[PDB]
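here is the sequence, then the experimental structure:
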Amino acid sequence: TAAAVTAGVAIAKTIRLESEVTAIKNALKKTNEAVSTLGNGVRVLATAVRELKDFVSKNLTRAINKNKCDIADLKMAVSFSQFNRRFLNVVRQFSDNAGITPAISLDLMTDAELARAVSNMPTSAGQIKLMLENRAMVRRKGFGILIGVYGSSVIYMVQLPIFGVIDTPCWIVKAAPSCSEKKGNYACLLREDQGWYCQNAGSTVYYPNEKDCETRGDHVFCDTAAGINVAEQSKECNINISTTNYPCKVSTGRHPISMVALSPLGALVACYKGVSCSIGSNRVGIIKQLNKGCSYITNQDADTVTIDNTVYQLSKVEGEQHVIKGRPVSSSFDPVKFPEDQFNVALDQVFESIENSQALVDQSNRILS
Amino acid sequence: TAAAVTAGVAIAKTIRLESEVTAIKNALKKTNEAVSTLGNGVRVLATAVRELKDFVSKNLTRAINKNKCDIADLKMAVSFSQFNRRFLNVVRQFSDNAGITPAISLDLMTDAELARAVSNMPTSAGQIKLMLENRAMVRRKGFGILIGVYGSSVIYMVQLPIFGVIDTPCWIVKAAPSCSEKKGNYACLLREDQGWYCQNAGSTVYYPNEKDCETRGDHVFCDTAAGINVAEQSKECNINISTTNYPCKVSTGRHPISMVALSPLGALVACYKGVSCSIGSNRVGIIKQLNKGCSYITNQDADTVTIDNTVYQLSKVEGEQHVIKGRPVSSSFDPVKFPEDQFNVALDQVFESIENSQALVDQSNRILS
Amino acid sequence: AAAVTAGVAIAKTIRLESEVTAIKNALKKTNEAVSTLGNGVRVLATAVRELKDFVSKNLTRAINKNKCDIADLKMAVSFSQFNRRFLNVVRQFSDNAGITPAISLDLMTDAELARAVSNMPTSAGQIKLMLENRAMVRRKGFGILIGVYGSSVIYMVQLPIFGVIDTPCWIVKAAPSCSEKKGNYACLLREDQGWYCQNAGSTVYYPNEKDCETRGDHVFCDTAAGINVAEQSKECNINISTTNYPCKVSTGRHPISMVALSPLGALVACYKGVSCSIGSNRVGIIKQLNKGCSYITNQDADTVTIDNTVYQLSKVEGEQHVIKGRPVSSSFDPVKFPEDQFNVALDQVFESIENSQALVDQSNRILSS
Amino acid sequence: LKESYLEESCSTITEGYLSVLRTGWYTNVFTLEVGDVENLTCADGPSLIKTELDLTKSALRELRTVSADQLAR
Amino acid sequence: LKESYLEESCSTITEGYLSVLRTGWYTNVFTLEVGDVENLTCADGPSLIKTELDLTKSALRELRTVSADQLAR
Amino acid sequence: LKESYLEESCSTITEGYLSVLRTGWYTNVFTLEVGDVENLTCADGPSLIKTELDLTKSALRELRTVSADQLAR
Ligand SMILES: *[C@@H]1O[C@H](CO[C@@H]2O[C@@H](C)[C@@H](O)[C@@H](O)[C@@H]2O)[C@@H](O[C@@H]2O[C@H](CO)[C@@H](O)[C@H](O)[C@H]2NC(C)=O)[C@H](O)[C@H]1NC(C)=O
Ligand SMILES: *[C@@H]1O[C@H](CO[C@@H]2O[C@@H](C)[C@@H](O)[C@@H](O)[C@@H]2O)[C@@H](O[C@@H]2O[C@H](CO)[C@@H](O)[C@H](O)[C@H]2NC(C)=O)[C@H](O)[C@H]1NC(C)=O
Ligand SMILES: *[C@@H]1O[C@H](CO[C@@H]2O[C@@H](C)[C@@H](O)[C@@H](O)[C@@H]2O)[C@@H](O)[C@H](O)[C@H]1NC(C)=O
Ligand SMILES: *[C@@H]1O[C@H](CO)[C@@H](O)[C@H](O)[C@H]1NC(C)=O
Ligand SMILES: *[C@@H]1O[C@H](CO)[C@@H](O)[C@H](O)[C@H]1NC(C)=O
Ligand SMILES: *[C@@H]1O[C@H](CO)[C@@H](O)[C@H](O)[C@H]1NC(C)=O
């Protein structure tokens, strides 16, 4: 059996080998099943990546460009109202008063423009100076007129006062009935001179109502239309009423009249017959009851004249004092950022796992040679 | 011998094996190509996935934060206008009227502030009540003054009327020429009493023009400046014009004057000489011809007085009635939603296929060991 | 011979024994590559998952957030737009506290105004004139806030009815006519000055020039200001000393030097110590006026000077401005995705999967033989 | 136009004007309503449109106080 | 109200009105300040609110020129 | 200023004021134009600014009706 020992081992190894390649066939059979499976993972992953792009590319940038447009939409609307304020403010004003403006508003003519107009007025240097200092009055005593809407343009005119007469002596007259009585009979005089007087060249201008002249400091802005020219000698009435040089305008009455007439610095009081005329103070109530007749008191003498139960205020009554501040405006910007680092490393990971696999199938091919 | 047979089968079987391994060699050679090939799919997917991030990470979030920024900008602009209305409105008014306000506007002083002021005025309880009830009139009879712009603060003053005298008797006088004729000549007297009379303590106040006093119900809001103090005895002129008790103000003429004078509750008509004066209705032209002389008719007697071809209306003529509503404001909010459930099913799919592919190569390795 | 076959058997089997162990090692490398590529695809997927996690959650949220503010602001701006009239009308009644100086464009539109005038109770020609001067209709009219009920504003507009039109009208101006003999002055001055409008059966007198407004040849006169005078009063403009009418004329004993402006000219009164001169805007002085009353035309000169006081006969035309706002632009800059180069890469991916898949089918094909 | 100088009375008459005289008042009544506005519930708290309405609501509440008839207050 | 026709003088008296007479002036003083506004540092240069602030800054500079006291200019 | 009481005539003179008297009118003429706005062609139809333009164009169509010269209507 010498041969058989050797012959026996050969078939023995062949049996050991025959079962080995069938194992490898089965191993490989599972392997390309894994390769095929991983492929279907990558396919589904790719389809997911495709569906992710389609949402980002189409459905999402759609929303962004839309919001991008609405943003541009509102910026244009809001910018329009901003860059065109004056135009829009002016159109508002000529509409609210239907074609004319009570004053030369800030929108109607800017301060720069206002000053430039006043300096080019046809007058003396000193008068230009005064208007410049009281430009508020220039605006209010003036006005604006809508000329027309031509196409898309608004044309209007501002009309400014020319203050040619300034800094001439000026004064105001106030009066009460000066009633005198003897034996139950009343003789009542009343000046009818009463009003504003401003001295002018060759004449004195008389403004019968107090509102006809506006007071700002020592200066008096008097309405031209209201003026009545009177002879200068009319001023003589303030020395002697019974002057024969001027027909001092004075009226007579037969009946007593009780009243209070307020002056710039005081008040004239007339107490006659059945009236209880008294003077009052800020804190206390009565400081003096007034004698029957014509009395004159100062703003610094008292704050109150009382006639029966009627209290007349001599000066303005100072009231509460408020302070108001708007709600704060704050910014709401909270940007979004993508955490790129953790991701970017993960992709490097991928390209490297790619690189390792690619090399391993190269080793496998080598081994096969 | 038996050895030769077994070895003979062994050598034969090796031939059968060489052909299995030569197919397996070729089979694995193909598999390694699939692994290498699928990898170039995965890599191209990774580079593709990388540019998708580059767009999202950079180009897309850039556009969003820009839009997020403009959004915050516009909100600030619009909030500023909202949180500071009163401030901006008050500046608006002092600019339109250049420093002064015709009335005490709602922006200048709120109802709360106004009522608190009136309640703190120096007068009697009933007078405070009346002002509170006619707070409309209070605002209009008052006004506002811009004191100064200091830094970013606007400081102004409101000036309110103090109605200290209330609920005393008041009346209004209207008159037309009263012409009498004897043998073709006309003698015409006409009262000059016409106007508002208000009774006060110790005197009667006379307001010459109907516009000098404002009517709100039975109450008459009279301009102090227009007022003329007259003797109480003057009311006697509405009984006898020719009374010796008061110097009744009445003018005489030599010529006839035909006219219509309107009353609160009616109208005075004066028809003389060559005029055809009649009373009419709104529908029918004439319902009665008026006799020559002075006639008095009621707002309830007629709706119209005609003098020749001039038609005078006794009451306000009621016209159309409009009703207007603004366009409805709708929301344009349309959110975008991402299908995360559907998407996650695909990713769950990928992650299983990975584990399935991974698990099969493990079977493959079990098979080899 | 028997042993010879046994020797060859071991020989071929050993040559095969080394080959399958080479193949076994080859497959083991491959299974590590499949396992390696898989650990890669998994890492690629987790990254794609996080990309979705960012897009799906954090990014669309910011977009919907911006989408909401966008919708918010669009609503705010639309509200003010769709409700301008409402908001403008409420503004005006607040600024003037319940009343309106004019019939503003917001209170009653041009269409509404015209329909109203056409339904007024007057003649076709009177309707026409109001339609022609509707600006005046608005200003001579006014508006009243009747009430705010819930969220609705109810108000009434009040329109003038111009029933008398196209009857003769004229205006009177005068200066003191002072006469001198032997150093003594006799000065008469007309006091009839003002607007006269002829009416049916009478003539109406408007004492102040402001009481009537001039628009072209037409004179719009305030009814309240009007005083009825005998038709013979016009006779004063022929002979002042007419006995037919009591011409209202005042006498003086003192000289009054002044300038009174007429529509087409001016009356000058030079008496005593005044230097009255006539000037132009271009040339300085053109004529010194003789003592007494002079009448000059607006086309005769541009200026009357009294001493150093300069009176303007006409309006002085100043600068002439033109202003245009800043331009408003769109900031719309959409974002676009580079889709073409990308999608080729996905197609690239889908083929490498199917090319790979086709290869694992081949691997198995060879194995099935 | 024609303006004549009357030298005996140191006066001027200017004729050729035409009259426009008010003989009555014609009145229309208006009711202005604010248009409906949707509730924007996609936002939290302070809406820009919510505060614009509360502004217009108070403007009306304040405007009410100056209305002509008392039974509106 | 009662309106009586006076045939002797061709006049009418209408009585029954009640007086409201002004006896004084009562004054309140107000100080309005603009609310604080946050700096928008997410933008560069021309923002809608900076252009809104410089507009209202300017409105005040002009409003100033019309102040009551001279010492405010 | 100083205010003197005249006891004989029950009157008061207040002196020390200074006159500012109007002697003429000075006029400037203005022409206001609307700023240019780009056409917003990224949107379709109802834009907030087109309705804002069509609103002020309408505001002007109405403002025209009250212009001073007739040849503008
Ligand atoms: C106020 O003046 C009257 C009148 O005098 C006038 O002024 C003078 C300067 C002179 O020009 C007079 O001719 C003026 O008439 C004084 O009253 C009367 O004066 C006249 C003189 O003409 C005399 O005959 C009368 O007797 C005087 N009457 C009385 C009652 O005395 C009056 O004195 C002057 N009052 C004051 C306070 O000075
Ligand atoms: C406008 O909407 C708010 C909020 O409505 C809520 O949000 C919806 C999406 C839904 O969840 C509703 O059920 C909610 O009511 C109105 O409601 C106020 O909302 C708060 C809580 O958000 C609630 O506690 C209050 O009770 C609600 N107010 C009232 C008076 O009931 C709000 O009222 C709406 N405004 C108008 C004018 O209709
Ligand atoms: C009007 O009055 C004439 C008399 O005038 C006075 O009237 C009364 C009030 C008393 O003051 C009296 O002393 C006066 O004499 C009368 O002559 C005349 O008849 C009266 N006319 C009428 C219509 O009553
Ligand atoms: C995405 O957009 C397409 C049209 O481009 C549409 O059919 C689809 O329903 C949209 N889906 C989502 C969730 O927006
Ligand atoms: C994204 O939103 C999540 C909530 O799901 C939050 O926890 C996270 O902090 C946010 N991160 C980024 C980068 O936006
Ligand atoms: C995307 O951004 C890059 C810069 O990061 C730029 O070069 C490219 O043009 C942008 N593309 C688009 C469509 O905005």
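Sure, I can see it. Numbering: from 1, shown residues only, chains lettered A, B, ... in the order given. Ligands and ions are numbered 1, 2, ... in the order given.

only C-alpha atoms from now on, for both contacts and neighbour counts.
Fine.

just the helices in chain D please.
Here chain D has its helices, by DSSP state H, at D:48-64.

the closest residue to ligand 3 within it and chain E, how far apart?
Per Cα to the nearest ligand atom, residue D:23 is where chain D lies closest to ligand 3, at 34.1 Å. Per Cα to the nearest Cα, to the nearest Å, residue D:23 is found 20 Å from chain E.

same check, this time on residue A:367
62 Å.

now that residue: which helix or strand?
Residue A:367 belongs to helix A:340-368 when assigned by DSSP states H and E.

related to what we said a few turns ago, which residues does the residue of chain D closest to ligand 3 contact?
Residue D:23 makes contact with B:311-313, C:160-164, according to Cα atoms under 8 Å, 6 or more residues apart in numbering or on different chains.

show me what contacts the spatially most central residue of chain D?
Closest residue to the average C-alpha location of chain D: residue D:30 at 11.2 Å, with Cα atoms, centre = their mean. Applying Cα under 8 Å, 6+ apart, we find residue D:30 in contact with B:321-324, C:153-157.

report how many residues lie close to the closest residue in space to residue A:274 that isn't next to it in sequence.
With sequence-adjacent residues excluded and distances taken as Cα to Cα, 6 or more residues apart in numbering or on different chains, residue A:274 is closest to residue B:202, at 7.2 Å. Counted by other Cα atoms under 10 Å in any protein chain shown, the residues lying close to residue B:202 total 23.

shouldn't residue B:202 be in contact with residue A:260?
No: the criterion here is Cα atoms under 8 Å, and residue B:202 misses it with residue A:260 at 10.6 Å.

who touches the one residue in the stretch 101-250 of chain A that gets nearest to chain B in this structure?
Per Cα to the nearest Cα, residue A:105 is where the stretch 101-250 of chain A lies closest to chain B, at 4.6 Å. Each residue near residue A:105 by Cα under 8 Å, 6+ apart is listed here: A:139, B:95-98.

quick check: phi and psi on whichever residue of chain D sits closest to ligand 4?
Nearest residue of chain D to ligand 4, counting by Cα to the nearest ligand atom: residue D:42, 18.3 Å away. Note on residue D:42: backbone dihedrals following degrees, to the nearest 10 are phi -90, psi -10.

buried residues, the helix holding residue A:367. List them.
Residues A:343, A:346-347, A:349-358, A:360-365, A:367-368 are the ones in helix A:340-368 that count as buried (16 or more other Cα atoms under 10 Å in any protein chain shown).

check stretch A:220-237 too.
A:220-223, A:226-227, A:229-237.

which of the residues you listed lies closest to residue B:121?
Nearest to residue B:121 out of the buried residues of stretch A:220-237 is residue A:220 (Cα to Cα; 30.6 Å).

tell me the secondary structure at that closest one.
Under DSSP: H, G, I helix; E, B strand; the rest coil, residue A:220 falls in the strand class.

any idea how far the residue nearest to it when sequence neighbours are not counted lies from residue A:200?
Once flanking residues are discounted, residue A:220 sits nearest to residue F:19: 5.1 Å by Cα to Cα, 6+ apart. Per Cα to Cα, to the nearest Å, residue F:19 is found 9 Å from residue A:200.

shared neighbours, the two?
residue A:168.

which one of these two has more residues nearby?
Using other Cα under 10 Å, the more surrounded residue of residue F:19 and residue A:200 is residue F:19, with 25 against 21.

partner residues bridging the residue nearest to the centre of chain D?
residue B:322, residue C:155 (DSSP bridges).

what distance do you get for it to ligand 6?
If you measure residue D:30 against ligand 6 using Cα to the nearest ligand atom, to the nearest Å, the figure is 55 Å.

also residue A:255?
96 Å.

backbone torsions only: list them for that residue.
Torsion angles, degrees, to the nearest 10, at residue A:255: phi -130, psi 150.

what is the burial count for whichever residue of chain D sits closest to chain E?
Among all residues of chain D, residue D:48 sits closest to chain E, at 15.5 Å; criterion: Cα to the nearest Cα. The tally of other residues near residue D:48 (other Cα under 10 Å) stands at 22.

looks like residue A:264 contacts residue F:13 (just checking).
No: contact criterion Cα under 8 Å: residue A:264 and residue F:13 do not qualify, at 9.4 Å.

what's the burial count for residue 9?
All of this refers to chain A. Quick note: residue A:9 (other Cα under 10 Å) scores 17 neighbours.

please go with chain D instead
23.

if I look at it, how far off is residue A:117?
39 Å.

burial count for residue A:288?
12.

and it, what are its bridge partners?
In beta-bridge terms (that is, DSSP bridges), residue A:288 pairs with residue A:279.

hang on, it packs against residue A:277?
No: under the criterion of Cα under 8 Å, residue A:288 is not in contact with residue A:277, lying 9.4 Å apart.

list the contacts of residue D:51.
Per Cα under 8 Å, 6+ apart, neighbours of residue D:51: residue B:82.

now do the SS call for the residue of chain A found nearest ligand 4.
Nearest to ligand 4, among the residues of chain A, is residue A:59, at 4.7 Å (Cα to the nearest ligand atom). Secondary structure assignment for residue A:59 (three-state DSSP): helix.

if I look at it, how far off is ligand 1?
Taking Cα to the nearest ligand atom, one finds residue A:59 at 103 Å from ligand 1.

mind checking how far that residue is from residue D:42?
21 Å.

these two: which is more packed in?
Neighbour count, other Cα under 10 Å: between residue A:59 and residue D:42, residue D:42 has more, with 17 against 14.

how about the closest residue to the more buried one other than its chain neighbours, secondary structure?
Excluding the flanking residues, the one nearest residue D:42 by Cα to Cα, 6+ apart is residue C:68, at 6.6 Å. State at residue C:68, reduced to three classes by three-state DSSP: helix.

show me what contacts residue C:68?
Taking Cα under 8 Å, 6+ apart as the test, what residue C:68 contacts is B:333, D:42-43.

can you check residue A:260 too?
A:176, A:267-270, A:305, A:312.

CSV for those residues, including secondary structure, distance to residue C:42 and neighbour count?
As requested, these are exported to CSV (DSSP: H, G, I helix; E, B strand; the rest coil; distance: Cα to Cα, whole Å; neighbours: other Cα atoms under 10 Å in any protein chain shown):
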residue, secondary structure, distance to residue C:42, neighbour count
A:176, coil, 108, 28
A:267, strand, 101, 24
A:268, strand, 105, 23
A:269, strand, 106, 28
A:270, strand, 109, 27
A:305, strand, 100, 24
A:312, strand, 96, 23
